[PDB]
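One protein chain, two forms: both are listed below as structure tokens, the first as structure 1 and the second as structure 2.
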Structure 1
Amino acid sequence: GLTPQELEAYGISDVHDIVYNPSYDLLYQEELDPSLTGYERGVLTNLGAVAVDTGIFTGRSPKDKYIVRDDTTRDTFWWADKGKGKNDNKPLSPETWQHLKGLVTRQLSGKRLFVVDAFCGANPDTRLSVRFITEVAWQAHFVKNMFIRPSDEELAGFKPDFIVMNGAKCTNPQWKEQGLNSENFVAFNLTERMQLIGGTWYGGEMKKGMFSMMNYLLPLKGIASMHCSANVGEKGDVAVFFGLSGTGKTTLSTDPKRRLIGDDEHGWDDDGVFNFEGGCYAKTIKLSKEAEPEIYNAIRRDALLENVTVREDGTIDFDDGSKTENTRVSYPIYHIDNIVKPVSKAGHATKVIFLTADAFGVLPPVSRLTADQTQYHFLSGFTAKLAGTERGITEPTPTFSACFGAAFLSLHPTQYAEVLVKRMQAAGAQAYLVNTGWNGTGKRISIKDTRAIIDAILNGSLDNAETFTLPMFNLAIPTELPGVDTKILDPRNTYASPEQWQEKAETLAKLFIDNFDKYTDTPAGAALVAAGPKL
């Protein structure tokens, strides 16, 4: 086993108590310690799972994300200040990084620390060995759930490729003088291979931080790194589901008719699709046991609820979004019965689905994309929401996040597109666009109906059917689909008149066109006629 006399070369001193590779049982007792108060304290729910409060931050803080610009990242990273498109990869000086490291290492010094060694990536040949350090038990619990838990043997000869140090309790008072966004920070240094977290307690920063690193390393090696869920059928056929947050990746991949590979982060190499994680991070707002049985059943001892409202009697009010709409629950992947094991990976994907929640109510429930349209929509990374479905009234607001996850991209969008296209062509994969959002009714299509569309896609029903073309976006949609209302197939029918759809389609088309303009600086990018909507 490891010894305390080997964990101070990171700049952490005077650690008297070291809890290495904490067990779920110890994490439980740490979280429910009767004398524990504050944000570290968890509460036991009637479901047997512990629930915690992540504080001020209930989601990621992109504005506080920084990457050190040195000679390791200078000419490879997609920088926020290099006009190559808008992104959160803000350059940080090596000097300021040292200051931040100082804050975090001092905050963790003289404290009882949890050290969790885990893997990011199901394949030994490309996975990262990560060592997580924190003084908060539930943060250690979060990483234990979300990352791949190594075997006793692997832990014996564990050699960290990356170090993640969570100093949530500390803040940076010099941020103004350093030109940073706030007193908080989520910084990355690829030379020292380390991630620092200050101010925010949100565990998600650790999960996506390593995802961001995988997104840097894998594509440069010819391996696609994807923000998608993935599952496989009895026949062995594999599907991947891309989409921005809340579009359905986790909800829809957890499907009774297929084995779950992963719900959020995957790679695609010469052998196939593999999960980067050892757990799932499901959304719990308005959670329905009837609609999502598997996910609900996963909420038990060892799962970790985040920010949900817990009543005096321990019952959970999943509908309460008064604190945040981003209530979550993390759990080891085996909390889902029908998953792929012992290793979360499978063959090449033959079905690539792009999920989008179109608040504009213009995109059809399902359409088959051409090769060029696949690239166009991948780079577009579209989804929409109302200016405030909990704030004001209707006002569809678009979000164009390249590759369906710009916030996690370390390389240029085209680099992800290139590797994805290569893997797709070699596998003869077909792409589909699915609107898990709204139509003319103003009400989101039901999960039941959506699972039916996915069923049709995966079993070939969609491909082996006649289609017509939706104008403006020129999307091929089937005339009918088993277990699906034929009326909704054409979004124009959910409106009192096709004219209403027309006006909104025109607006959305213009948004797409304007958003894509930045990619036309290359001959290939000039592929404006592709999926490219046309007025």
Structure 2
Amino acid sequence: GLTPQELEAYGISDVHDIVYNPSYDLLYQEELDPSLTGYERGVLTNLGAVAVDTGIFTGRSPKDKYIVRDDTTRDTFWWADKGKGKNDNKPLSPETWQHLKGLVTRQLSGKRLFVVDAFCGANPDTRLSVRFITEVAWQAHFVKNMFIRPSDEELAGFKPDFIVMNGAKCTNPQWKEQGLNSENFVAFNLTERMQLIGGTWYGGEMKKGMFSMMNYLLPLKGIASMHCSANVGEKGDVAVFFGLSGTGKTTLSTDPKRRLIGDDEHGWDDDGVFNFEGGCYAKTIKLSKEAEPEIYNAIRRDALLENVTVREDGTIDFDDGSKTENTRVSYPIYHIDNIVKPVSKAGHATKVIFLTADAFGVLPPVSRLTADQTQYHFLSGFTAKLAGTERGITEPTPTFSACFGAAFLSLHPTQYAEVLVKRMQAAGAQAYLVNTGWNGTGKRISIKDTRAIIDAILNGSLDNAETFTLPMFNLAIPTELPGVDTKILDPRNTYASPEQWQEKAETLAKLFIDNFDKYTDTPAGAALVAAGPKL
């Protein structure tokens, strides 16, 4: 536990009521207190899970992310202003940090506080011991779900080496004079080992905040830090699935035929692949119980639904994106029946899958990548969206995000590439590119087809298939696969002619080529251009 004096040491004063390590039962009763006002309020759904609204923010706010630039971070951090590529690592002064810390600590002073101690990282040797402090019960619940829950023995010996202070209810009145983006802030200090949050209530800031810290500390010790889901077969064969948001990492790793290691954040050290987290954070927009039975089944007491529409009768309309398209549910990982336990880790990955949702409808559902293509596509980090849907238009809009997670990278993309390649080479890993997005039908590839494709990757069916080369992107693709619609395997088949596919392929190829140009200032980078699409 901790005393009011211990909180005083952090700068938080006059705390009279302290809830240390709140139980799931307490969090349930706290959320449902009928006297709660505003965004703290929870409502009970017919599935038995509590639902909350996360307020004005229903996703992360990268424009409000700052890292204190000091002698510890100056020469290692991938800074937004250093001329080494676009990122969100905006530099913050130590003086401005102290002002933000004053805002948050005063906001939390004189309040009833939840204190949640948890781990980030499955392995004792590299895990962070994180202490989270909040005045909002559902925020405490989110962290209880998403981080690793210590045992009673671990709690007795708990020594934090990172503090996360959530001051969602405060804002920064001096932001203009400080040169910041807004009155909100998500700030990190690697000297004081602390994260401060102001203005946004969104729980993902804590989750991805700690991921950003692991992404800083682990590769500097030779450990890959990866934006991927992961699972393992009965024989100990491990797969990792990289991809940007909405590409299928959580959906596809939750597979009845595999033991789930984790759905979002993993390390890769000398012993194998390990989860940083204690829970999963599923997307619920248009959720289908038939299509995603395990994720659906995880929505029960102790899960926490976010921003969903709950009807008067307590039923949920999963199709309603009126609050946000980013509706979510978090749950502790043991709400999934087939998981790796008691520790979320396994051996070395031998299958590396890059998921992408191609709104341009160009990329094949599945292709086997060469070693050089693996590096090219990892640095590229492509996905796309139909941005114009609400206006009745396509407007395919590309996103290139290095390492399939540039928003969370604390070091240069090439540092993540180097250590991933080292780990893959040692393991004899093979890499694959999977389009979970669109084809010439203007519809997304079915979850059924995609799962069958993943099965074929994992069981060696794809590796043994007759393949040919798709032009332009030069991707090795199969003629047929068990349980997969044969028609979809060649992306040209869903257009009126290959020439109509090619028009779109040329557009997309040019986007890749222009994006990759920034990596060609080194000889290694320049040499990968040949592995990219070619007009």
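FYI, numbering is relative to structure 1, first residue = 1. If you superpose the two forms and keep the largest set of C-alpha atoms that fall within 1.5 Å, you have the rigid core.
Core-superposed comparison between structures 1 and 2: among 391, 289, 159, 341, the single residue whose C-alpha moves by 2 Å or more is 391. When the core is overlaid, the C-alpha of residue 529 ends up 3.4 Å from its other position between structures 1 and 2. Here the two forms are laid over each other by their core, and the C-alpha of residue 309 is off by 0.4 Å between structures 1 and 2.
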